[PDB]
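> Sequence plus experimental coordinates follow:
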Amino acid sequence: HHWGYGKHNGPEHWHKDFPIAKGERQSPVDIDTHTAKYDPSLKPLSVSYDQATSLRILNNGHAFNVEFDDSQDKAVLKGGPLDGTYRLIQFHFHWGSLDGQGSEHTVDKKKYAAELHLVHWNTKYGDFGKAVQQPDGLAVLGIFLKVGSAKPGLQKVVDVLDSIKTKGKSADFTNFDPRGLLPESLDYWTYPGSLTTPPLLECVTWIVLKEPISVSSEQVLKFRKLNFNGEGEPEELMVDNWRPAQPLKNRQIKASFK
Ligand SMILES: O=C(O)/C=C/c1ccc(Cl)cc1Cl
Ligand code: NA
Ligand code: NA
Ligand SMILES: [Zn+2]
């Protein structure tokens, strides 16, 4: 497959190789704050990242992933809408060419500069590849980035980006603490959806935090200096690696807060 984010291989094209692109529970979506309903039955969200073991950062030609050791219950997400225990496997971002776009989810059609996805898989399915074949296989914690003050806990990420400029480059990335990427509040919206890149599988419980984090214009500028291309290929800046909002169809977005 040769999918991407350009005119010729971008989201409008994806359905030909990945027909579930036009399915019933695709992501992202617009979150209409006046239609999402507070759900008193939602349990409290539990982000348990104290024992997280980061390993490596990889430019995969679509984003950069910070990868974790998920061979045991070291960094897990539980509670909220979730039954059981979801292990952190990786995080990555989606961002724009300009500060007015980049997020995949929108809020009342508002686009943020970027969006962080912390990807977890349901440990009842044993491995990640099995989990993505299940409707409750993944939980993705989504966090909006707005441009403002620098996020100190992001700076170790931006400083390593010079070493993974092009597709297929990786760097050691141990001892990174993903707690430094969270906002203060864990108030969230939740709905059932999908991966937002091919293969677009309908396996995700989305948990999108209401409170965005602020990053500096310098920090996001360094994201936009990455490359989609491999080394020694013509330079294509890694920008606008976001899928736009998809039809809500027969789904309700629930709020954890009033
Ligand atoms: O950008 C994303 O949100 C998609 C990430 C992703 C992409 C492919 C597969 Cl199999 C699994 C995952 Cl979690
Ligand atoms: Na983990
Ligand atoms: Na609205
Ligand atoms: Zn993502």
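Everything's here; your move. Numbers count the residues shown, from 1 in each chain. Ligands and ions are numbered 1, 2, ... in the order given.
> which residues does the spatially closest residue to residue 61 that is not a sequence neighbour contact?
Among residues not flanking residue 61 along the chain, residue 167 sits closest, at 3.6 Å (Cβ to Cβ, 6 or more residues apart in numbering). Backbone N, C-alpha and C define where each C-beta goes, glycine included. By Cβ atoms under 8 Å, 6 or more residues apart in numbering, the contact set of residue 167 is 59-61, 227-231.
> Next, work out how far apart whichever residue of the stretch 1-150 of the chain sits closest to ligand 3 and ligand 2 are.
The stretch 1-150 of the chain approaches ligand 3 most closely through residue 108 (3.7 Å), counting by Cβ to the ion. Per Cβ to the ion, to the nearest Å, residue 108 is found 33 Å from ligand 2.
> That residue: how many residues sit nearby?
10 (other Cβ atoms under 10 Å).
> before we move on, what about the one 4 residues further on?
Burial measure for residue 112: 25 neighbouring residues, criterion other Cβ under 10 Å.
> right, and the secondary structure at the residue lying farthest from the centre of the chain would be what?
Centroid-distance maximum for the chain: residue 232 at 28.6 Å, with Cα atoms, centre = their mean. With DSSP: H, G, I helix; E, B strand; the rest coil as the basis, residue 232 sits in coil.
> Okay, it and residue 3: tell me how far apart.
22 Å (Cβ to Cβ, to the nearest Å).
> same check, this time on residue 219
The span separating residue 219 from residue 3 equals 27 Å under the rule Cβ to Cβ.
> Between those two, point out the one with more neighbours.
residue 219 (23 against 19).
> which ones are touching the more buried one?
Counted by Cβ under 8 Å, 6+ apart, residue 219 has contacts 150-151, 154-155, 158.
> can you give me the helices in the chain?
128-131, 155-160, 217-223 (DSSP state H).
> Can you tell me which of those is nearest to residue 31?
helix 217-223 (21.7 Å; Cβ to Cβ).
> So which bits of the closest one are buried?
219-220, 222-223 (16 or more other Cβ atoms under 10 Å).
> List just the nearest of the residues you listed to ligand 1.
Closest to ligand 1 out of the buried residues of helix 217-223 is residue 223 (14.3 Å), distances taken as Cβ to the nearest ligand atom.
> what residues does the stretch 1-150 of the chain put near ligand 2?
Within reach of ligand 2 by Cβ under 5 Å from the ion, the stretch 1-150 of the chain has these residues: 68, 70, 74-75, 87-88.
> Contact partners for residue 119?
88-92, 138, 140.
> Correction: the previous question concerned residue 84.
Neighbours of residue 84 in contact, by Cβ under 8 Å, 6+ apart: 78, 122-124.
> Which among those residues count as buried?
By 16+ other Cβ under 10 Å, the contacts of residue 84 give 78, 122-123 as buried.
> picking up where we left off before, considering the residues of the stretch 1-150 of the chain next to ligand 2, which possesses the most neighbours?
Neighbour-wise, these (other Cβ under 10 Å) top out at residue 88, 28 neighbours.
> how close does it sit to residue 42?
Residue 88 is 21 Å from residue 42, by Cβ to Cβ.
> same question, residue 106
22 Å.
> The residue nearest to residue 170 when sequence neighbours are not counted pairs with what?
Excluding the flanking residues, the one nearest residue 170 by Cβ to Cβ, 6+ apart is residue 58, at 4.3 Å. Beta bridges link residue 58 to residue 65, residue 170, judged by DSSP bridges.
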